[PDB]
Structure formats: structure tokens, C-alpha cells
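*Asks:* Just dropping in an experimental structure and the matching sequence.
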There are 4 protein chains.
Amino acid sequence: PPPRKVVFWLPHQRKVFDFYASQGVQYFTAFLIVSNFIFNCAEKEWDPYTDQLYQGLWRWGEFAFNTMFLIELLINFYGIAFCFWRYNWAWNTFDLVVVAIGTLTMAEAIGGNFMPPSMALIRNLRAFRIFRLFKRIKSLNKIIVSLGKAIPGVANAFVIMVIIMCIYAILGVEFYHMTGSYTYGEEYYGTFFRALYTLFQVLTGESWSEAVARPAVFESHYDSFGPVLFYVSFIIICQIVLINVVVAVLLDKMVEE
Amino acid sequence: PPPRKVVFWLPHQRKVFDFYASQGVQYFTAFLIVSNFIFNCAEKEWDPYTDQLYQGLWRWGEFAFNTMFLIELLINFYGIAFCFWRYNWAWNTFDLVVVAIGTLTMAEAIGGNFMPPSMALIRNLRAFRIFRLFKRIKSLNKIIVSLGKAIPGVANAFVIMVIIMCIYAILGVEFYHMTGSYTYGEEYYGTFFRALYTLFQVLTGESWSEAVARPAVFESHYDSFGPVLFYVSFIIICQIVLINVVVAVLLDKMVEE
Amino acid sequence: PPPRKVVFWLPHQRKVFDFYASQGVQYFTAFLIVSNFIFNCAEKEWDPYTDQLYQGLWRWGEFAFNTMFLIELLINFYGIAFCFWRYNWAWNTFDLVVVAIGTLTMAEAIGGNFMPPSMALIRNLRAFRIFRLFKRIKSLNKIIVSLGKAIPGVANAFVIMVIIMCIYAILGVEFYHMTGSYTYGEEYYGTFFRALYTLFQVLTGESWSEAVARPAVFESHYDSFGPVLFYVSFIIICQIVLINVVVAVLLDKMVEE
Amino acid sequence: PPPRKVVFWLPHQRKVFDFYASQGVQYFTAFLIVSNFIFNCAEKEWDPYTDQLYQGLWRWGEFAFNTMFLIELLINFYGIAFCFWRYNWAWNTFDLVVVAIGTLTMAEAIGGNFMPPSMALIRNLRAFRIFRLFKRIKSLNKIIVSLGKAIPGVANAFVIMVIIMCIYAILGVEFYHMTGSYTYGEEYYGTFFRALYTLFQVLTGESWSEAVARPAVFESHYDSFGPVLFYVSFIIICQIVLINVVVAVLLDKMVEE
Ligand SMILES: CC(C)CCC[C@@H](C)[C@H]1CC[C@H]2[C@@H]3CC=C4C[C@@H](O)CC[C@]4(C)[C@H]3CC[C@]12C
Ligand SMILES: CC(C)CCC[C@@H](C)[C@H]1CC[C@H]2[C@@H]3CC=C4C[C@@H](O)CC[C@]4(C)[C@H]3CC[C@]12C
Ligand SMILES: CC(C)CCC[C@@H](C)[C@H]1CC[C@H]2[C@@H]3CC=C4C[C@@H](O)CC[C@]4(C)[C@H]3CC[C@]12C
Ligand SMILES: CC(C)CCC[C@@H](C)[C@H]1CC[C@H]2[C@@H]3CC=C4C[C@@H](O)CC[C@]4(C)[C@H]3CC[C@]12C
Ligand SMILES: CC(C)CCC[C@@H](C)[C@H]1CC[C@H]2[C@@H]3CC=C4C[C@@H](O)CC[C@]4(C)[C@H]3CC[C@]12C
Ligand SMILES: CC(C)CCC[C@@H](C)[C@H]1CC[C@H]2[C@@H]3CC=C4C[C@@H](O)CC[C@]4(C)[C@H]3CC[C@]12C
Ligand SMILES: CC(C)CCC[C@@H](C)[C@H]1CC[C@H]2[C@@H]3CC=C4C[C@@H](O)CC[C@]4(C)[C@H]3CC[C@]12C
Ligand SMILES: CC(C)CCC[C@@H](C)[C@H]1CC[C@H]2[C@@H]3CC=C4C[C@@H](O)CC[C@]4(C)[C@H]3CC[C@]12C
Ligand SMILES: CC(C)CCC[C@@H](C)[C@H]1CC[C@H]2[C@@H]3CC=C4C[C@@H](O)CC[C@]4(C)[C@H]3CC[C@]12C
Ligand SMILES: CC(C)CCC[C@@H](C)[C@H]1CC[C@H]2[C@@H]3CC=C4C[C@@H](O)CC[C@]4(C)[C@H]3CC[C@]12C
């Protein structure tokens, strides 16, 4: 990409900019990204406890990785005049977000917890720094741009599927919310979200064979195969036709681009 | 679409017509459709019981939504001279159907149940008003027209698959209807529909491995691997080949259109 | 198709031939095929027992259907001079086969069982007469010719998959034939065919998670994750990559033709 | 392929070379490859024990097959001047590897075990000689070259999927490593590799529904559906979008080539 809107106020901008954007620095920063991800994985495997053994190790290790990423972000923003809205606005925004969260956790971990502790969920976004790798390795950036363009179509397919699942959830609560009168009804179709969750399980292959009772469906008279029809129609329509519609969207975009 | 057959008998027809067909009214009615669907879902989640708590709420809420949809249908039909066979015959037919069922339930819910109670299944078609949304949101109407054109070929594939499943059901009933002599035979292959249902379960991943007994298949002599051949051939031919034939039809149409 | 090799020896051949090949007779024979298939299904559902109730009904019903199909085959072969190798050789061969088996069972059922009883497996080919329907209904014949051309390429994929599955069965018998020292080893990997069958189950989604024991894989030292690698590699390669290779072949042919 | 770099030092090279490369010798060696694979399978089925019955049989049988393959490799290398780097370098390299391992096992099995016994894993590469068949049967070599070119893109898709799985593995150990306080936490999310393995099981259809406890998710207040969101998002994004991305890559290459 050509830098056209980022005019040069800074003394050495054109030099530092094309220094950072060089493929050597890109692959060195990809090295740092992958090593920091492997450091997170190593913390979670060799020391997952709440009362960590090598606690310092992980504290100072992510301290060092985060200050290196802060230095890299400063190099970048010096490169394009700290604007980051003109050139590479999306990736610069993601970089700024992750480095801000990291430096916030750093400042609080060394100099006292200023933020509430239930904010601690954000102390789990370190793992997402790895997504920046999908910008350097172009074999990965290829798949990611194909995915990012297949996303609107896929999302539309998902919304249609969600609406159909909701209709089944609405019906399931109407019909089967009293079977077993926790019964099977009261628990798997008790309310709209228990039913929506039951149908999502069934959608991904969770054996809706306990819902249908063969003695009642077959041994009884010809009026009680309603649940058979319910689950057969759901399976066919949602799982076969609509998941393959999502597939079709995915493949059409993946082979068009 | 151009209105060509709907000649103007009514005083203000050309004005009210293009008023209703304007994108603003389309998105307002999409708002009403989605809010009424969410009202159905809210009734089924926050009050699913047979002796409803906030009954009055759901009764008057669907009263109001249905009278608004009746007003909208009257606006539309005034727009095209109450014909609804010339312009947009399919969607106007669906609108008329759902609004008729709704107003029937309204009249009976406020002024006494004129219809039989076992007719009550139709009091569950409210949930399908949401399908009218697939006419306004064109990202959804796109997927729906692609599906509606892929449905002929897909239906043919399903019929071939059904015929193969029926052949297996006949064979299964003929052979394995006496295993365990409810046994496994009597119940999973007892009659043609128990066998057809067993094979539909197996088709969607329900662990046929209880049908095949390893001691009998392997420990016994080399004559008893019939059920292994049965289930392996069924799995291969129906599951792999024919469900991927359904997929192939789906993708061919989804990428052609 | 044009009849070019079937020269006319018979007195009224050109008339009877294009009488049989007319679309009216084709759809009447499709009616007879579907009704006879539904008669087989009705026998298996409403009377599956070995000591049939309405025996006489099924006996004389398939008697009548088989004599009608014998009359139809005679009409056809009179149509093309009893050659059936020149015109429509494949479908005429299938018709001759099924009608021969049917008339054999007829002659033995009315006039004594001339053949051995363990030949009785062929008395189950009635169900396959339905395949002749795939010649009349052209929406089905379309899917069937696309399948029949995708078969030589799907078969090769299946052979590659089988070869890969035979390698994993050899390795499974080599390694895991002694676990649990019926144990899990001696039963699921005991010999080459128990292992091949275990891997076919696992291939179609049968929960390999009982093979891998988490205490042994994780609690023990770093040398015992061999079965994890075995099943992860099998799943990836065979299930994902090779079943989607079969899919790819299927879709390429289904959209090319 | 034309031999252009393999100049002729040997007396009869041009004759023996095009003798070996003739289709007759290729199909005879395909016969030997398939028969030796079936000999391995027969050893594993009819004699899988550690104290083999017909031990000699298998010993001398693989002796004979390996000396025949050694003779064939010598014929080949005499054909192209023992270079095997100029002509058909990949397949000649694979042939040399497998024949070297075989002759090593032969020499040690007849004249004493020179190598360590824990090297014995290589005594299981006989099964992979069958891959050489994928060079002779061109219907198989076709599928294999299409696969070999789809492997770069597929590998990239797998790496993206692995990174997402790792991210879920890092969040799972963070959150659910204390549920049940072996518990469910301490076993299915205990460390990073238990969590990565749990998510790989779930990815291939292993019933996450035991992780999510419906009483806690629904009966409790509206704060505890975190695991529902975890597993629903994992299923959607990895199981539905990313495995179909792998499919899409596979199909694009399989239909392009
Ligand atoms: C590619 C590389 C550079 C990425 C970084 C990985 C390194 C730095 C991480 C990954 C796993 C970590 C090691 C694994 C766990 C242990 C065992 C413990 O008793 C001492 C710390 C120690 C030894 C860690 C040190 C740091 C470590 C080695
Ligand atoms: C592509 C399709 C399958 C989308 C899947 C539908 C999703 C949205 C469904 C499946 C299960 C549903 C969840 C079931 C469980 C609960 C508990 C409820 O107290 C809060 C909402 C919540 C969290 C639901 C949100 C919507 C939900 C997550
Ligand atoms: C996507 C669209 C087509 C939804 C599927 C069409 C509708 C009509 C299908 C889906 C599930 C089916 C229902 C499932 C089973 C029952 C229960 C029984 O007591 C009455 C019939 C009834 C209610 C079926 C009627 C038809 C049905 C409602
Ligand atoms: C504007 C759209 C998105 C919302 C749909 C219409 C409105 C009226 C729907 C959305 C959610 C629904 C509410 C959900 C919660 C309840 C349950 C009960 O405690 C009082 C009624 C009440 C408050 C419902 C009233 C109707 C409701 C407010
Ligand atoms: C694979 C797809 C395309 C084919 C679908 C197969 C369908 C038609 C099969 C699967 C299970 C079968 C059902 C099994 C249960 C019964 C009970 C029986 O007393 C009435 C018929 C009925 C309801 C069957 C109808 C046909 C059926 C629903
Ligand atoms: C044209 C092709 C696809 C026809 C489809 C093949 C299916 C329908 C048929 C062909 C041969 C049949 C097999 C032949 C006979 C046996 C042995 C019997 O004791 C168990 C069933 C079993 C194993 C049959 C299963 C069904 C079967 C596999
Ligand atoms: C994945 C697809 C394409 C390959 C199919 C694999 C087939 C050939 C495998 C799966 C299970 C295997 C069977 C396992 C059971 C037995 C019992 C044995 O005593 C006779 C052979 C027999 C019948 C095997 C034949 C081959 C077999 C059927
Ligand atoms: C299809 C081709 C490319 C893949 C070849 C599969 C081979 C390379 C893979 C698949 C299964 C793997 C084996 C499965 C697990 C074990 C058990 C352990 O005791 C030794 C390692 C060993 C034996 C692995 C070695 C590598 C392995 C054999
Ligand atoms: C979805 C596909 C593409 C990604 C594959 C994920 C693979 C790499 C995951 C799934 C399960 C994981 C394994 C889980 C079990 C262990 C035990 C641990 O003590 C050694 C590592 C090892 C062997 C892990 C290696 C990585 C692993 C094999
Ligand atoms: C491409 C994908 C990775 C996009 C990002 C996925 C992330 C945002 C999704 C996947 C799983 C989700 C998490 C799963 C459930 C929980 C547990 C709860 O205690 C806090 C919310 C939290 C932590 C969710 C936050 C958002 C989440 C982390």
C-alpha cells in the first residue's frame, strides 16, 4: 500500500516508516508475536493454578513482551505521524487497543490495582495479540481476507438459520414443555432459551433420540409421531439444508476471491 | 417490480400504493415484524406456563400487533385495488393468510371460541409472520431466492435418498427384525417405520454400533458380518455420497445464482 | 434416443415400439413401479412377522405385480425384436434380471420350491425394482446420471481412503492390541479387521474418547500421548481431508455435468 | 517425463531404463506392492499376537518381498545411472528410503539385532510401501497430485484453526479450570493441553453438553451462561466456519486442477 495521506511533520519520518514496514521487521515482529503467544500457552500449561508457582516469571515475561510491543507501536506511529487513521487504520487501531490494555495491566500490576477486579476479564485479551500475526504472514492474511469478505453472506445465512431455530424453539415450548409431567419437558423445552439451546445441541449432533420415545410413537395409535416429525424436519431443514447453505456461501466467496 | 396489471379504480390509489412500497414503510414494517417475533419469544421465555401470569399482557399485545398488521394489509390492498393476484401475488397471499388467521384468533379470544379447540394448532402460526421479513431485508431475500431455486434439485436428491433409505428399511425389517429374540430387533427394526426411523437416526450420526455385536461378528465364523456390511454400506452410500449430493446441488445453485 | 440397430423382423414392431416408449406408458409404468414399492413397504410395516397374517394378500399381490411386469417386459422386447442388446442395453438388462428373479420366485411359490432355501436372499430383490423408476422420472434420472459419472472419481478417493485406513489399522493392531491386558485392546484393536472396523466407526463419529485415557496421557510423563497423536492424525487426515476430498470430487462432477 | 539429465555411463542403460518404465513393469510392480500390503494385513489379521504362530511364514514372506523390491530398486537405479536425483527424485528417494529400512530389518532379523530394540518403530514402515502404488495407478496419482497441491492452502487453514483452538484453550484454562472443585475442571480444562484436547474432541463432535450444567446456566441468575457462550461460539466459529474453510480450499484446488 502507498502512503498518500500521511504527510511528514517529523524529522526522520520517511526513514523510520519504511524501516518498520520492511519485511525484515515484519518477520521479526511476527517472531515476537508467536513467542508471546507461546509464552501465554506455556503459562497456562506449566502453571495454570491460581496460586502460581513461577509467578514472577510470567509477570516479568509479559512485562517485557508488552514493553517491546509498546516500543514497536511507538516506532510505527512515529513512522506515520501518530495519526493511525490515514495509513492502515484497522490494524493500527487493533494494535493500539491491545497495547493500551497491556500497558494498563502493567501499570496496575506493578503499582497497585487502580481498576476494579471484576474488570479482570480484559486481562485475558493478551491471547488475542496473536491475531496481529494474520497481518504479517501473507498465507494467513490471504485466508483471513477471504473469510472477512465471506462474512456478510455467512452472517445472513446464520441469521436465517437463527430465525428458523427460534421458530422451532417457540414451537417446542408450545408442545413439549409438559412431557414427563425436572422432567424432559420442563428441562429441555421448559422455556424459550432451554428450547433454543436444546435445538442448538441437536443441530450440532447431540442425539435427539431421547426426546422421542419409541413406545409412545409406534406402539400407541397413529396420532403421536409429532415429535418424530418435529425432529426430522428440524434436522433436514436446519442441519442439512441451512448448514450447507452456510457452506455454499463460504465456498462461493473462497473460490471467487 | 413495475405495476402493470393493477389498473386504478380507487380515488387515491397511485399515491397510497407508492407510499406503502417506499423503503421507509418497508423498514418500519420490518421493525414491526421483528418486534412481534421478539414478543412471541418473550412470551415463551418469560411466561411459558399453561396458566400464564401476565396473560392479559400477551393477549392485548398480540391483539395490538395483529390489528396493526390488519391495517397494514388494508393499506397494501387499497394500494393495488384489493386484487393481490396481479401484483406480488405470493407475498400478498401469505400476508392475507397470516392476517386472516390472526384476526380469527382475535375475534374468538375476545368474543368466545367459535371454532373447535383442537383447531388450536393454527394459533401457533403467529411465529411464521417473521417469514415476511425475508421480503424486506434484501440480504435475506437474496439467500431465500437462492434457496427457493435450489429447492427443486435438492428435493429430487432427497427423493433419491429417501428411496434408498426405504430400500434399507425393507431389508432391515426383513433381516434384523428377530435379533435379540422389546429386543433390539423388535424395537429398532420391528416394522418398516421403526426401521426407517432407525436408519434416519443412524444417517444423522446416532451410533449404529449397538446394532452390531462384535463377539457375534468377529468371534463367530466368517458368515455373520452381514450387519457390518449393512451399516457400512448404508453409511457410505446414504450419509457420505447422498448427503454430499444434496450439498452439491445446493452449492451449484447457490453459486450459479 | 434413436433406434438404429434394431431392424424390424416382427409384423407390428414399429407401432408397438413407439407405443411402449411413449411418455404415457412410461408414466403408467412409473405408477406401477411406485405402487409395487409401496406394496413391499406395506407388507414390511403392516405384516412383518415370519408367520404372516395376510399372507395370501402379499403372495397374490406380488404375483399380480410380477405378471404385469412380465407383460411389460414382453411388450418392450417385442418392441425391439427381443434383442435388448442394441437399444437400451443396460436398462433392458436390469429389467430382464428383475423380471427373471420375480418369475422364478412366482413359479416356485405356486408350484413347489425347486431351488434351495438358502437361495432365499434373492427373494429380497423385489425392493430393487424401484430403481427402474430412475429411468422414467427425468428429474431423478438427471441426478442418477450425474452420480454415475461422479462414481469413477469418487471410487478412487474411496480407495485412497481405504488404503489410508488400512495403514492405521495395521498400526493400531501393532500398538494398541495389548491395552487393558475382552480388554479394550483385544476387542477394539485385537486383529486387523477389528481395528479396521474401529477406525471406520471413529471415522463416522463414534467417540474415540474411550480409547484415550486422560490419566495415562497427561498425568503420566511426556511419553504416553501416542494414542492422542494416533486419533488426532486419523481424524484430521481421513475424516476432514479425505471425506472432503470425496465431497470435492462429487461437487466437481455434479456442477460440471 | 523425458530423461534429459541422466546421461548414459552404463553399457545397457537406455534399454533397461525404458524396460523398467514400461507400463507392463509398472503394473507388475503395482501387483507386488498390493500383494505385499495384503500380506501385511494378513499378518495382522490371522496372526496379530506377540508370540506369532506362523512366525516363520511372515519372516520369510517379507524377506522375499523385500529382496524383490531391492532387485527392483537396483533395476531402476541401473536404469538411470544410480543418480536418482536427476530423474524422478522424489519417488526414487521414497523407494530408496523404504528399501533401505527393509534391508536393514532383513539383515538384523537373520543375522542378529545390531540396532537398539526401541528403534523398532521403524519396523512398522513396511505398511507405507503401499504409497508407491499411488505412482503407478494414475487414477490414484491424479487424486494424490490434486491433494498435494491443495496441501499448502489447507495447511494454512489448519494453522488458522489451530490458533483459534489455542485461544479457546487459553480461555478455557483461565475460566473453567476450577469447576467441580479429578473434577470436570481439573480434568477437561486442567492445563493448556487438556483444554486443547477437550476442544479438539468437541470440534469433532464429542458432546460438550456435560460441560454446561443446565441448572447452573438457567436456574441461576442471568450471569452464568458464560460456558454456553464459550461452547456456542467455539462450535460456530471453528466447527462450522473454519472446517468449511478447509473444505472450501480443498474444493477450489480439486476443481481448479
Ligand atoms: C520461541 C520461544 C522463544 C518462545 C518463548 C518460550 C519460552 C520462553 C517459555 C515457554 C515455556 C516456558 C518454560 C516452560 C516452563 C518452565 C518450567 C519451570 O520449571 C521454569 C520456567 C520454565 C522453564 C519456562 C520458562 C519460559 C519458557 C521456556
Ligand atoms: C447460527 C445459529 C445456530 C445461531 C445459534 C443460536 C444461539 C444464539 C443460541 C443457541 C443457544 C442460545 C442460548 C441458550 C442459553 C442462554 C441462557 C439464557 O438465560 C441467556 C441466553 C442464552 C445465552 C441463549 C442465547 C442464544 C443462544 C446462544
Ligand atoms: C421452515 C418452515 C418450512 C418450518 C417447517 C414447516 C412447519 C409447518 C413444520 C415444522 C415442524 C412441524 C411440526 C412438528 C410436529 C408437530 C407436532 C404436532 O402436535 C402437530 C404437527 C406439528 C406442529 C408439525 C406441523 C408442521 C411443522 C410445524
Ligand atoms: C422493540 C422490540 C425490539 C421489543 C419487542 C416489543 C416489546 C413490547 C417486547 C420486547 C420484550 C418484551 C418484554 C419482556 C419482559 C417482559 C416480561 C414481564 O416481566 C413483563 C412484560 C415484558 C416487559 C415484555 C413486554 C413486551 C416486550 C417489552
Ligand atoms: C433423509 C430424508 C431426506 C428422508 C426423510 C425420511 C422420513 C420420511 C422418515 C424418517 C422417519 C420416518 C417416520 C418414522 C416414524 C413414523 C411413525 C409411523 O407410525 C408414522 C410415520 C412416521 C412419521 C415415519 C414417516 C417417514 C419418516 C419421517
Ligand atoms: C446400485 C447399488 C448402489 C445398490 C445399493 C447397494 C445396497 C442397496 C445393497 C446391495 C447389496 C446389499 C447387501 C447384500 C446382502 C447382504 C448380506 C445380508 O445378510 C446383510 C445385508 C447385505 C449386506 C446387503 C445390504 C444392502 C446391499 C448392500
Ligand atoms: C471409508 C470407506 C471408503 C472404506 C470402507 C472400509 C470397509 C471396507 C471396512 C470397514 C469395516 C471392515 C469390516 C470389519 C468387519 C469384518 C469382519 C471380518 O471378519 C470380515 C471382513 C469385515 C466385513 C470387514 C470388511 C472391510 C470393512 C467393511
Ligand atoms: C498419511 C501420511 C502422510 C501420514 C502418516 C501417518 C504417520 C506418519 C503418523 C500417523 C499416526 C502416527 C503414530 C501414532 C502414534 C504413535 C505411537 C507411538 O508409540 C509412536 C509414534 C506413533 C507411531 C505415531 C508416529 C507417526 C504416525 C504413524
Ligand atoms: C484442528 C487441528 C487442525 C489442530 C490440531 C490440534 C492438535 C495440535 C492438538 C489437539 C490435541 C493436542 C494434544 C493434547 C495432548 C497432548 C498431551 C501433552 O502432554 C503433549 C501434547 C499433546 C500431544 C497435544 C498436542 C497438540 C494437540 C495434538
Ligand atoms: C474469532 C473469534 C475468536 C472472535 C473472538 C471470540 C471471543 C471474543 C469470544 C469467544 C468466547 C467468548 C467468551 C466465552 C464466554 C465467556 C465467559 C464469561 O466469564 C465472560 C465472557 C466470555 C469470556 C466470552 C467473551 C467473548 C469470547 C471470548
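*Replies:* Received the coordinates, thanks. Numbering: from 1, shown residues only, chains lettered A, B, ... in the order given. Ligands and ions are numbered 1, 2, ... in the order given.
*Asks:* tell me the contacts of residue A:13?
*Replies:* Residues in contact with residue A:13, defined by Cβ atoms under 8 Å, 6 or more residues apart in numbering or on different chains, are A:78-81. (Each C-beta comes from the backbone N, C-alpha and C, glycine too.)
*Asks:* make it 10 Å
*Replies:* A:3, A:6-7, A:78-81 (Cβ atoms under 10 Å, 6 or more residues apart in numbering or on different chains).
*Asks:* Also residue A:172?
*Replies:* Contacts for residue A:172 (Cβ under 10 Å, 6+ apart) come out as A:185, A:188-190, A:192, A:194-196, A:198-199, A:211, A:227, A:230-231, A:234, B:44.
*Asks:* Kindly report the same for residue A:100.
*Replies:* With contact set as Cβ under 10 Å, 6+ apart, residue A:100 has these partners: A:70, A:73.
*Asks:* Could you check which helix or strand contains it?
*Replies:* Using DSSP states H and E, residue A:100 sits in helix A:89-111.
*Asks:* Now that helix - C-alpha only, PDB.
*Replies:* What follows is helix A:89-111, C-alpha atoms only, in PDB (Å, rounded to 0.1, in the frame of the first residue of the first chain):
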ATOM      1  CA  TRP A  89      -6.400   2.400  10.200                       C
ATOM      2  CA  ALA A  90      -7.800  -1.000  11.100                       C
ATOM      3  CA  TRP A  91      -4.600  -2.800  12.100                       C
ATOM      4  CA  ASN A  92      -3.200   0.300  13.800                       C
ATOM      5  CA  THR A  93      -6.400   0.600  15.800                       C
ATOM      6  CA  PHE A  94      -6.200  -3.100  16.900                       C
ATOM      7  CA  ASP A  95      -2.500  -2.600  17.800                       C
ATOM      8  CA  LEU A  96      -3.400   0.500  19.800                       C
ATOM      9  CA  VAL A  97      -6.200  -1.300  21.600                       C
ATOM     10  CA  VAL A  98      -4.100  -4.300  22.600                       C
ATOM     11  CA  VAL A  99      -1.100  -2.300  23.700                       C
ATOM     12  CA  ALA A 100      -3.300   0.100  25.700                       C
ATOM     13  CA  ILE A 101      -4.900  -2.800  27.600                       C
ATOM     14  CA  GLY A 102      -1.500  -4.400  28.100                       C
ATOM     15  CA  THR A 103       0.100  -1.200  29.500                       C
ATOM     16  CA  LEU A 104      -2.900  -0.700  31.700                       C
ATOM     17  CA  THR A 105      -2.400  -4.100  33.200                       C
ATOM     18  CA  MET A 106       1.300  -3.500  33.500                       C
ATOM     19  CA  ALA A 107       0.900  -0.200  35.400                       C
ATOM     20  CA  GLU A 108      -1.700  -1.800  37.800                       C
ATOM     21  CA  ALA A 109       0.300  -5.000  38.300                       C
ATOM     22  CA  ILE A 110       3.400  -3.100  39.400                       C
ATOM     23  CA  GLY A 111       1.900   0.000  41.000                       C
END
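*Asks:* Now residue A:45: closest residue in space that isn't a chain neighbour?
*Replies:* Nearest residue to residue A:45 in three dimensions, chain neighbours excluded: residue D:192, at 3.5 Å (Cβ to Cβ, 6 or more residues apart in numbering or on different chains).
*Asks:* Check the gap between residue A:57 and residue D:190 for me.
*Replies:* Per Cβ to Cβ, to the nearest Å, residue A:57 is found 20 Å from residue D:190.
*Asks:* repeat for residue A:91
*Replies:* Distance, residue A:91 to residue D:190, by Cβ to Cβ: 35 Å.
*Asks:* Looking at the two, which one has more neighbours?
*Replies:* residue D:190 (25 against 15; other Cβ atoms under 10 Å in any protein chain shown).
*Asks:* Can you give me the neighbour number for the nearest residue to that one once chain neighbours are set aside?
*Replies:* Excluding the flanking residues, the one nearest residue D:190 by Cβ to Cβ, 6+ apart is residue D:177, at 5.9 Å. When counting by other Cβ under 10 Å, one arrives at 24 neighbours for residue D:177.
*Asks:* From what I see, residue D:177 and residue D:198 are in contact.
*Replies:* No: counting by Cβ atoms under 10 Å, residue D:177 stays clear of residue D:198, with 11.1 Å between them.
*Asks:* overlap in contacts of the two?
*Replies:* Common contacts of residue D:177 and residue D:198, defined by Cβ under 10 Å, 6+ apart, comprise D:184, D:187-190.
*Asks:* that older thread, in the helix holding residue A:100, which residues are buried?
*Replies:* A:92, A:94-95, A:98-99, A:101-102, A:104-106 (16 or more other Cβ atoms under 10 Å in any protein chain shown).
*Asks:* Tell me the one of these nearest residue C:157?
*Replies:* Nearest to residue C:157 among the buried residues of helix A:89-111 is residue A:94, at 41.1 Å by Cβ to Cβ.
*Asks:* re the thing from before, reformat the shared contacts of residue D:177 and residue D:198 into JSON lines and put secondary structure next to each item.
*Replies:* Output for those, formatted as JSON lines (DSSP: H, G, I helix; E, B strand; the rest coil):
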{"residue": "D:184", "secondary structure": "coil"}
{"residue": "D:187", "secondary structure": "helix"}
{"residue": "D:188", "secondary structure": "helix"}
{"residue": "D:189", "secondary structure": "helix"}
{"residue": "D:190", "secondary structure": "coil"}
